[PDB]
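Chemist: Attaching a single structure in structure tokens format; questions to follow.
Residue numbers (the UniProt record's numbering), protein chains in the order written: chain A, 1036 to 1133; chain B, 1036 to 1084; chain C, 16 to 50; chain D, 1 to 148, 168 to 296; chain E, 1 to 149, 157 to 225, 248 to 296; chain F, 24 to 82, 94 to 340, 348 to 368; chain G, 51 to 99; chain H, 297 to 305, 338 to 345.
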């Protein structure tokens, strides 16, 4: 809009810090703003479409990567399921450090 | 006693340092004393409990 | 230390300036209209 | 090197309380100069073991100056051993002069800081003397190992604590440990001639019980023992291990206190100037 | 930070004898600006454990130049940007440039400065590199282990023979250490064996190894466990093995034999 | 400012004119006490004088540049071998590198590990050399570039590490973290299989103050194949006797055979059960040793740029004590 | 070589949106809130409010 | 303009339009 935001510019500040390979000069400046008029004073416009970043492929999530389910009584069936569903599943889990 | 001890005041030194919190001055002052009287010049007394 | 508020900014062109009517006695004959 | 922690807009009724936090330590994940407050955040009580383990991966930082805009904090220890600073005593016990201090998570989940201005709470830990932090860590690890102010366990990361314990223990057995064990009766017989000998052995020590309920033959001669001696290797191994026991289960001593003139002890909720070691 | 100590007027010659130990270390009680010869002193012969538990509750300090009126000292743990200070060696063997120095009580035949003039006594700890410091204690306790029912250290070419027991006042000064260090280890052994009983029946070549590896990856015994943890932590903490110095000798021979000084930087 | 160390020595292993400043140097123990301590330290079954021979085959010389040591290990990229060989002035150098390799491989075989033979100094900056006699000078505390080199082309310096050996950890372990100030650790990797063994070197940086579990998982294969092939050549007895089972059922037995102290020589106390804990040939701790590390200091940044190298950024020298990694 | 073609903000176009004004002491006075309301219009509905 | 409680009662740029 013609006046969408009041804007306040602060005063520059310097911050020296003795160091080994020379010096550092972190140079900061504070600011502030506020909207005044009633209602909104801006809007989007989703004009065009850049390339969709993710392909709408089919990655089937396997729940074996999760944790918190009671495994069944006979462990042979557990191993059978694990070895069956992890047959080249591109989400097949590997225990990495944590 | 009257003049039990002497006391010497020196020039105060101003020493500055900088941090993110701003300026951090540190004043200081050296001083020393000599025991004048020959013999003792002060005495304890545990007066009241 | 129990931070507080502060005096809010006022627009430069704020022209209340109506107490001329409301100070002690109002003279409506020609003073009006400027408000 | 002073890190910067920015804040959002909070309530004027809460900065008056957070400002009263000037000696409690925070736990950052990285040490960039500028930083936010949202990053350093902890849920309420629960699984004291999890937090105790998290107190080794993340490094501490003491805060010294608060402002409704930002927060200046001090990276506690990464490269400095003389940064004399002050931190308040938020511990239950009373710490005298020349005491190495230790950070321990708070108990019962009773004492936290529910910050409603932004819906996040910070659980500043408590500072205890080493001597009592060691007993606390010991009691908690014993209780955790048992399950295959009283808080409940978690039993999800109890496996880790009991694991580290039994590893540090299993690698204490050695070909010379049997030679040192075949002397338990010879020690118990000394436990009756001398009083200090009975003193050094506790009451329910689970060895003075063993000492009468089995017998053992002289230890069989190992291989190459005409050349190498084993009891010395065993003793050296035990020194090297036990020198590092109290760390891998609890927290290392982060710094120590030192005063000049005033009262020795600093009762809780008070500022104490400490050197860093 | 620097501390001066009120030296009373002792005597001729024996003061000049103290004037030879201008690099020793002495434990103050409180960082201050005024001290006296009485508080900075230990009995000449006592148990190594109380001296060890004393070295952890006090503040270290190195003796600088000593004028017959008063002697100056500077603590170690605290300093300004880690300055330089000389530290006289007192160990049995030398330390080379680039080592970590520790401070252990005199496990060997002690040295006790006998001030017969002023009726005080001084006792200074010893300086050792961490590697050999962690092993000299073990040699000492191992010698006593067998007598409850050979001894050679090598260092920079030359070899030492660990003077025989009670060559000094007695070996009673190093008894309690022996007794604790053996009892706690036997405790750890028995508790561990009780916790998994069948540990000693597995195949020594295969089963035991598979257990110790699959464990590395994915009268109540428990009261005894808590007690053992507490005691082992308390004892491991008070064993030195935490260097407080690092030798940095610049413009000098790379090795300092026992007796002469050396330029060390505080950690 | 920072404070330095000067150590006159022989131009054997670190050759301060061949390399430019800014690379860590190590201090080598006197070999006499190593050869001695072997006599009591090599395990049963193995040789007990082979380190004596391995040393005698290499004939004070005290320092060794990491640039030199990394070459005499398993892990190395042959470009750095070629550099060390053709760029060092010195006579007979490749032969010496071979002998040093044999020395370290003997050291691990004799259970006197090289981490107990190499203390670490700072990064060298200066040197004056006679004919085959040098006096190197390295920092010891503070940050590297507080020094002043007599090059006059680059007064200050940096820290250079062969990029072939620099193993990052966080981006490796995928902590999801954000690079700020990170520590720096020099780590050794042992492997123990009799007459078929080697040593791997690395320089590790991360935010992790306590390596521990991090290496225990990083070097999983090494620990695995080291715990099982490590007890080899030790005669273990036959199947363990059933008497070895330490009896636990007898602690809180109200009715059981008992014996007060003061009657334990050979009385009518024969009724006590026998238990023979007999441990002969099992895996000791030194058998399961696989790695050792030591803290070096703190680091901002690592960039790779040239022979491949790795320039540090604002290295602050803070050397720590050694550490075992066996569990 | 290469120059550094500077750009002014006031000479851009976006400047229409915001009124820029320098407030020198703001960082000091920013310790408290400023808190000014604005307005809201209202119709005169029949029937007594 | 900072006041106390005291009270009373261009150029030519190139742009697209």
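Built from N, CA and C at the ideal position, the CB exists for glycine as well.
Going along chain A, which residues have a C-beta under 7 angstroms from residue 251 of chain F?
Modeler: One-based indexing of the sixth chain puts residue 251 of chain F at position 217. Residues of chain A passing the Cβ test: 1132.
Chemist: Out of D/18, D/286 and D/60, point me to the one whose CA is closest to residue 116 of chain D's CA.
Modeler: Position 116 of the fourth chain, counted from the first residue, corresponds to residue 116 of chain D. Checked all of D/18, D/286 and D/60; the closest Cα to residue 116 of chain D is D/18.
Chemist: Residues in the same chain with beta-carbon distance under 7 angstroms from residue 1038 of chain B, minus the five sequence neighbours each way, listed in chain order, please.
Modeler: Position 3 of the second chain, counted from the start, is the residue given in the question as residue 1038 of chain B. Excluding positions up to five away in sequence, the list reads 1071.
Chemist: Select from the stretch 14-34 of chain D all residues with a C-beta closer than 9 angstroms to any C-beta belonging to chain C, and list them in chain order.
Modeler: 15, 16 and 19
Chemist: Give me, in chain order, the residues of the same chain whose beta-carbon lies closer than 6 angstroms to that of residue 261 of chain E; leave out the 5 immediate sequence neighbours on both sides.
Modeler: Taking the first residue of the fifth chain as 1, we reach residue 261 of chain E at position 232. Contacts found: 191.
Chemist: Quick check on residue 1056 of chain B - is its C-beta less than 8 angstroms from some C-beta in chain A?
Modeler: Numbered from its first residue, the second chain carries residue 1056 of chain B at position 21. No, because no Cβ of chain A sits closer than 8 angstroms to the Cβ of residue 1056 of chain B.
Chemist: Which one or two residues does DSSP pair with residue 138 of chain F in a beta bridge?
Modeler: Against the sixth chain, residue 138 of chain F aligns to sequence position 104. For residue 138 of chain F, which the question treats as bridged, DSSP gives no partner whatsoever.
Chemist: Output needed in chain order: residues of the stretch 84-98 of chain G with a Cβ under 9 angstroms from some Cβ in chain A.
Modeler: 84, 86, 88, 89, 90 and 91
Chemist: Under 7 angstroms, CB to CB, which of the residues in the stretch 298-313 of chain F have a partner in chain D?
Modeler: Within the stretch 298-313 of chain F, the residues whose Cβ lies closer than 7 angstroms to some Cβ of chain D are 298, 306, 307, 308, 309, 310, 311, 312 and 313, listed in chain order.
Chemist: When you compare the CB of residue 79 of chain G with every CB in chain C, is at least one pair closer than 8 angstroms?
Modeler: Position 29 of the seventh chain holds residue 79 of chain G. Yes, residue 79 of chain G lies at the interface with chain C (some Cβ there is under 8 angstroms from its Cβ).
Chemist: Just checking, does the stretch 193-203 of chain E make contact with the stretch 111-128 of chain E on the three C-beta pairs under 8 angstroms criterion?
Modeler: These segments do not touch.
Chemist: Determine whether the Cβ of residue 82 of chain G lies closer than 8 angstroms to any Cβ atom of chain C.
Modeler: Translated into positions along the seventh chain, residue 82 of chain G becomes position 32. Yes, residue 82 of chain G counts as interfacial toward chain C.
Chemist: Give the interface partners of residue 72 of chain D over in chain B, defined as CB-CB distance under 7 angstroms, in chain order.
Modeler: Looking up residue 72 of chain D in the fourth chain gives position 72. Going along chain B in sequence order, the residues near residue 72 of chain D (Cβ under 7 angstroms) are 1055 and 1056.
Chemist: Would the beta-carbon of residue 332 of chain F fall within 8 angstroms of that of residue 199 of chain F?
Modeler: Here the question's residue 332 of chain F lines up with position 298 in the sixth chain. Here the question's residue 199 of chain F lines up with position 165 in the sixth chain. No, these two residues do not count as a Cβ contact at 8 angstroms.
Chemist: Would you mind sorting residue 265 of chain D into buried or exposed? The rule is 16 or more other CB atoms within 10 Å of its CB.
Modeler: Residue 265 of chain D sits at position 246 when you count from the first residue of the fourth chain. Buried, by the Cβ-count rule.
Chemist: How big is the Cα-Cα spacing for residue 40 of chain C and residue 91 of chain G?
Modeler: One-based indexing of the third chain puts residue 40 of chain C at position 25. One-based indexing of the seventh chain puts residue 91 of chain G at position 41. Their Cα atoms are separated by approximately 30 angstroms.
Chemist: Taking the Cβ atom as the reference point for each residue, do residue 357 of chain F and residue 13 of chain D lie within a distance shorter than 8 angstroms?
Modeler: As a first step, residue 357 of chain F must be located in the sixth chain, where it is residue number 316. As a first step, residue 13 of chain D must be located in the fourth chain, where it is residue number 13. No, these two residues do not count as a Cβ contact at 8 angstroms.
Chemist: Of all Cβ atoms in chain E, is any one closer than 8 angstroms to the Cβ of residue 220 of chain D?
Modeler: Counted from its first residue, the fourth chain places residue 220 of chain D at position 201. True, the Cβ-Cβ gap to chain E drops below 8 angstroms.
Chemist: Report the CB separation of residue 3 of chain D from residue 68 of chain D in whole angstroms; it is logged as a contact under 8 angstroms.
Modeler: The residue you call residue 3 of chain D lines up with position 3 of the fourth chain. The residue you call residue 68 of chain D lines up with position 68 of the fourth chain. 18 angstroms between Cβ atoms; not a contact.
Chemist: For a quick check, are the C-beta atoms of residue 30 of chain D and residue 6 of chain D less than 8 angstroms apart?
Modeler: For the purposes of this step, residue 30 of chain D is identified with residue 30 of the fourth chain, where counting begins at 1. For the purposes of this step, residue 6 of chain D is identified with residue 6 of the fourth chain, where counting begins at 1. No, they are not a contact pair.
Chemist: With 16 as the cutoff for other CB atoms within 10 Å, does residue 21 of chain C come out buried or exposed?
Modeler: For this step, residue 21 of chain C is matched to residue 6 along the third chain. The residue is exposed, with fewer than 16 neighbouring Cβ atoms inside 10 Å.
Chemist: Of the residues E/197, E/95, E/8 and E/27, which one's Cα is nearest the Cα of residue 127 of chain E?
Modeler: Your numbering for residue 127 of chain E matches position 127 in the fifth chain. Looking at the Cα atoms, E/95 is the closest of the given residues.
Chemist: Could you pull out every residue in the same chain whose Cβ sits closer than 6 angstroms to the Cβ of residue 161 of chain E, ignoring the five residues on either side in sequence?
Modeler: Residue mapping note: residue 161 of chain E aligns to position 154 of the fifth chain, counting from 1. Once the five neighbours on either side are set aside, residue 161 of chain E has no close Cβ partner at all.
Chemist: Pick out whichever of D/187, D/251 and D/217 has its Cα sitting closest to the Cα of residue 258 of chain E.
Modeler: Residue 258 of chain E sits at position 229 when you count from the first residue of the fifth chain. When the alpha-carbon of residue 258 of chain E is set against those of D/187, D/251 and D/217, the nearest one is in D/187.
Chemist: What residues in the stretch 262-292 of chain D bring their beta carbon closer than 7 angstroms to a beta carbon of chain G?
Modeler: Answer set for the stretch 262-292 of chain D: empty.
Chemist: Nearest CA to the CA of residue 227 of chain F: which residue from F/117, F/75, F/145 and F/248?
Modeler: Along the sixth chain, one-based indexing puts residue 227 of chain F at 193. Cα-wise, what sits closest to residue 227 of chain F is F/145.
Chemist: Is the Cβ-Cβ distance between residue 151 of chain F and residue 52 of chain F less than 8 angstroms?
Modeler: Position 117 of the sixth chain, counted from the start, is the residue given in the question as residue 151 of chain F. Position 29 of the sixth chain, counted from the start, is the residue given in the question as residue 52 of chain F. A contact, by the Cβ cut-off of 8 angstroms.
Chemist: For residue 63 of chain D, which option in D/27, D/100 and D/23 has the closest C-alpha, if you only look at C-alpha atoms?
Modeler: Taking the fourth chain and counting its residues from 1, the one referred to as residue 63 of chain D is at position 63. Just measuring C-alpha positions, the residue of D/27, D/100 and D/23 sitting nearest residue 63 of chain D is D/23.
Chemist: Is residue 325 of chain F close to chain A, meaning its C-beta is less than 8 angstroms from at least one C-beta of that chain?
Modeler: By 1-based counting over the sixth chain, the position of residue 325 of chain F is 291. Chain A contact via Cβ: absent.
Chemist: Specify the secondary structure class of residue 258 of chain E as computed by DSSP and reduced to three states.
Modeler: As a position in the fifth chain, residue 258 of chain E is number 229, starting the count at 1. The answer is helix: DSSP assigns residue 258 of chain E an H, G or I state.
Chemist: Taking only beta-carbon positions, decide if residue 63 of chain E is within less than 8 angstroms of chain D.
Modeler: Residue 63 of chain E sits at position 63 when you count from the first residue of the fifth chain. Residue 63 of chain E does not count as touching chain D.
Chemist: Is there a Cβ from chain E that is less than 8 angstroms from the Cβ of residue 348 of chain D?
Modeler: Here chain D has residues from 1 to 296 only, and residue 348 of chain D is not among them.
Chemist: Return no unless some Cβ of chain G is closer than 8 angstroms to the Cβ of residue 343 of chain H.
Modeler: On the eighth chain, residue 343 of chain H is found 15 positions in, with the first residue counted as 1. It does: the Cβ of residue 343 of chain H has a partner Cβ on chain G nearer than 8 angstroms.
Chemist: In or out: residue 1063 of chain A buried (at least 16 other Cβ within 10 Å) or exposed?
Modeler: Taking the first residue of the first chain as position 1, residue 1063 of chain A is located at position 28. A residue is called buried once 16 or more other Cβ atoms fall within 10 Å of its Cβ, and residue 1063 of chain A, having fewer, is exposed.
Chemist: If you draw a straight line from the alpha carbon of residue 1114 of chain A to that of residue 1107 of chain A, how long is it in whole angstroms?
Modeler: If you number the first chain from 1, residue 1114 of chain A lands on position 79. If you number the first chain from 1, residue 1107 of chain A lands on position 72. If I take the Cα positions, the gap works out to 11 angstroms.
Chemist: From residue 178 of chain D to residue 313 of chain F, what distance separates their C-alpha atoms?
Modeler: Along the fourth chain, one-based indexing puts residue 178 of chain D at 159. Along the sixth chain, one-based indexing puts residue 313 of chain F at 279. Rounded to whole angstroms, residue 178 of chain D to residue 313 of chain F spans 28 angstroms at the Cα level.
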